[PDB]
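Accompanying notes for the structure given below.
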There are 4 protein chains.
Amino acid sequence: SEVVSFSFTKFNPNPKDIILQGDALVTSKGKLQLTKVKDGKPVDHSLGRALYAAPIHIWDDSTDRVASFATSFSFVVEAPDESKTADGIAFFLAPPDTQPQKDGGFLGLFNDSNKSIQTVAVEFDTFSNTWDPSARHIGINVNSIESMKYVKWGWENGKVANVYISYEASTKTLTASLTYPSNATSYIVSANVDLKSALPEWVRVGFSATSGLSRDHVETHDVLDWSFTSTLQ
Amino acid sequence: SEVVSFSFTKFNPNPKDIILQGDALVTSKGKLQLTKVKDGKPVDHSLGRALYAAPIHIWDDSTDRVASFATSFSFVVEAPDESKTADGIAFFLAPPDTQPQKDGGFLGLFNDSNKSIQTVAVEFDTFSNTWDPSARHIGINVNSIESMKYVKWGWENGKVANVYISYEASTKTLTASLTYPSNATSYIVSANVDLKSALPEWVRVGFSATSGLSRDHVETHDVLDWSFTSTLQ
Amino acid sequence: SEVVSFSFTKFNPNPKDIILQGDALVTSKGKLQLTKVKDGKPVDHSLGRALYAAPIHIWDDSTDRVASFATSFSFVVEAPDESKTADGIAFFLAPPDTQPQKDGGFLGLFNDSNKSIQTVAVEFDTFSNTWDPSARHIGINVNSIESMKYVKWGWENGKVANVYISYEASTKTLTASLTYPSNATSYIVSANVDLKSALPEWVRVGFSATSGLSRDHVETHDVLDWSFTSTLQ
Amino acid sequence: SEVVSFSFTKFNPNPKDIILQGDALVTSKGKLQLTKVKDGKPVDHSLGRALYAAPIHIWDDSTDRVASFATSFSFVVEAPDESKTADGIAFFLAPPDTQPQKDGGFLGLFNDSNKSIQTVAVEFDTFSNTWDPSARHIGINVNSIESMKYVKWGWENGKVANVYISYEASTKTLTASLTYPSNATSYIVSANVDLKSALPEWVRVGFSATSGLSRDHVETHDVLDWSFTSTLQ
Ligand SMILES: CC(=O)N[C@@H]1[C@@H](O)[C@@H](O)[C@@H](CO)O[C@@H]1O
Ligand SMILES: CC(=O)N[C@@H]1[C@@H](O)[C@@H](O)[C@@H](CO)O[C@@H]1O
Ligand SMILES: CC(=O)N[C@@H]1[C@@H](O)[C@@H](O)[C@@H](CO)O[C@@H]1O
Ligand SMILES: CC(=O)N[C@@H]1[C@@H](O)[C@@H](O)[C@@H](CO)O[C@@H]1O
Ligand SMILES: [Ca+2]
Ligand SMILES: [Ca+2]
Ligand SMILES: [Ca+2]
Ligand SMILES: [Ca+2]
Ligand SMILES: [Mn+2]
Ligand SMILES: [Mn+2]
Ligand SMILES: [Mn+2]
Ligand SMILES: [Mn+2]
């Protein structure tokens, strides 16, 4: 068997075991700032991703086994105007050499063309695109910006959101939950996801986020902490 | 600091680090059978509880600190008739010397009289009593059979339910979630619970369950696995 | 499988998941004081033991498997006079209902009569009895006060000793090591121990210590911290 | 704080979270073969290293803190002739971009010139060079092929050696132990090592090994398993 685990109470300003992509950076105070902020205000047309350094062995073709994993992180999405927000933040798995994809509604995870890339993600969508449901939502996405399953999400502006995500290999069940401690409000969505068929044997895990493509659709996407463990046997 | 953790993939037929109360027993196959089964059929007027041997330090008066904990267990509730079920199963914390309370709708956790006992529990209620909401539910209960918060629960007869419960001391947030891998269906409920004011410094953690008080309101309450960790600092 | 683990950075003055036996108590500062101290000076004819509350499943007759475990603790032995010391302190496993045995050189673990009790222990002996080697030693003991294997031990008066003990089930190897960080000095002893044949399926783990039987052979036996994990599969 | 941990019961033939350097490879059976083997026989002039993918934060200049870590691995060194062996294998820490250094007696870790590189290592030396003690030894090395402290090591040809290494930041104590389960024989060495002064803030951890520079001084250097955890607070 192979177990791999890591836990940050906060992030290090120059983090060597976190690959920073796009505009992602860690603040002096140890927040993982996924999207751009200038003069303490979020900027549009921004995209940032962060991956853990060590690839995670999620399945093995030789032994035909699949990994079960669990991760918990807290994040904040703040927007100067509650009514106009975009685009969102997501936890995702992708091939180790994964690079930022389309910005805006694609969340830096997906793009177009039949050549849709291997990426499984739990997204926290704050903007209803043409492929979305009408209200803000938490979606389970499998190789597409369109969620296979989702649950309506009462986003709370600027409030800390605690997230727990677990994948049970034995039942191919991916579950994702969000709780705002502020008002003890929760949401959850689960889906049957075959990882072997959606992703390669090894993957990198992390976060991706994008601010909106207009000045009036901006917000922050900061990750405050992160714990993650995966076991393959 | 003090960390305490334990993990059973299944239970041992004669388990010395599990205190069995009432009719609770572990089957040869390693299932924690909370309620009575005779000829493979659940019997009425049954009550069983199971606690971990070692008390858990959840708060300390001297250092004024509170513990954060997390537990995951999978359970099955099977009833010969879908329409008539009772009463339920619950994960709970109570003083170390805790003993079974009222049966039936009280879930072996609570009883009557102003002398209501110290017990915090996440309950999986399958019968609507006079103090319940109308439909089956997952409730957060604080020193009362009446839930402070609850979420409607689409109970699936005989199907495995995976549960994750976490308490974040820093925000006094208790969250409880249920997912049926069978059909990737989920439910979640969270509540602000001050543990210091509801329970003593040390507690025992475990499960409690009761079958209905009539022959036509019977079901099983089996726990298949259990992991639990708590840290106090 | 079944995993069980606990970690104290220090002890709680009134510890509910530590069974205190004999004169053992935890000080206000959180030290596990195994032997008696009066006016800050160790007293003779003292014996104290401490066990973790939850029994540990070390082997299972049905599945014919044995547990692998590992524990680390730091301890101090202080004596007003370097030349005259007694008797020692030990980490040990014994049946769950284990009670203090003979004092003095028997370390509160063993006694006489063909009815020698089931107890495996790693002892830190500070007095050469008739059954001991001549110099102070770390011994692996299997159902006898006489060590099966030992290594000469350069005891450092009043200095912190860090101990790591591990049992590898697959090779029936018990290893015990001591390091004084003060002067980076180390000692180690290992032995082939069949746990199934020496102890029952379930056991309690902990510490035992005794001061000498004369006024001029006194010392303290304090445990400062303790971590312990055991897995059975 | 930041915790990082990983555990392999064995290695994966194409391991993406293990950087393989020099001649190092993983066999079909999952052994980490550090040095070359041709027709099942070890070859001379060989050097192989393996590092974990994710850098480890061992100290932080801003917060002036140091990490405590612990690792356990089992390894085998087999030589066709007991009397003539070389050179050895070592666990080591070095800057993340670390590359193989001199072969032979330098163990792929060190080389010459005042420009001696930052590398701390626990070495299992099977050949007495001009800078070594006379007999085979386990050495603690700090930025030099010459060990600061060592203990004579009774190497057992072809037998499994279990190793436990721990660094206690609070006392700057590095301890390294070896036990042969075959005959319950142990060795240990500890040293006061200031990591902040010997290595940069971030490092990569892993193994390095070299076979001798002559045909009659050859042996294997295989790692069978590996667990490692480090916490910085
Ligand atoms: C395709 C795409 O990303 N569309 C974006 C949408 O996601 C949102 O950010 C909007 C804000 O004005 O700008 C565009 O419409
Ligand atoms: C107070 C109480 O437990 N009432 C019980 C209720 O919980 C349910 O089990 C019912 C089934 O016929 O029997 C009684 O009404
Ligand atoms: C049998 C026995 O415990 N003998 C004790 C010995 O252990 C030591 O404590 C000594 C000190 O004067 O007192 C007695 O001889
Ligand atoms: C400097 C150096 O590595 N010297 C090596 C020594 O380590 C050993 O391998 C020997 C075997 O014949 O070959 C050389 O002397
Ligand atoms: Ca969207
Ligand atoms: Ca009810
Ligand atoms: Ca003695
Ligand atoms: Ca050498
Ligand atoms: Mn979406
Ligand atoms: Mn209820
Ligand atoms: Mn002895
Ligand atoms: Mn050397």
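Header says: X-ray crystallography, 2.7 Å.
Just so it is clear, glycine is given a Cβ too, placed from its N, Cα and C backbone atoms.
As recorded in Swiss-Prot:
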BINDING   B:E123, B:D125, B:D132, B:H137  Mn(2+) binding site
BINDING   B:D125, B:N129, B:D132  Ca(2+) binding site
CARBOHYD  B:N111  N-linked glycosylation site
CARBOHYD  B:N183  N-linked glycosylation site
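Where Swiss-Prot records a feature, it is marked here on the structure.
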residue : record                      : Cβ contacts under 8 Å, 6 or more apart
B:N111  : N-linked glycosylation site : B:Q101, B:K102, B:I117
B:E123  : Mn(2+) binding site         : B:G88, B:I89, B:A90, B:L107, B:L109, B:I138, B:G139, B:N141, B:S147
B:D125  : Mn(2+) binding site         : B:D87, B:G88, B:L107, B:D132, B:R136, B:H137, B:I138, B:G139, B:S147, B:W153
B:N129  : Ca(2+) binding site         : B:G105, B:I145
B:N183  : N-linked glycosylation site : B:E156
Among B:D132, B:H137, the one of these binding-site residues whose Cβ has the fewest neighbouring Cβ atoms within 10 Å:
B:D132
Per DSSP, three-state class assigned to B:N183 (N-linked glycosylation site):
helix
Hey, for the Ca(2+) site built from B:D125, B:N129, B:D132, who else sits with CB inside 8 A of the CB center?
B:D87, B:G88, B:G105, B:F127, B:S128, B:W131, B:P133, B:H137, B:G139, B:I145
Around the Mn(2+) site (B:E123, B:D125, B:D132, B:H137), what further same-chain residues have their C-beta within 8 angstroms of the site's C-beta centre?
B:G88, B:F124, B:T126, B:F127, B:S128, B:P133, B:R136, B:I138, B:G139, B:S147, B:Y150, B:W153
Would you mind pulling the DSSP three-state label for B:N111 (N-linked glycosylation site)?
coil
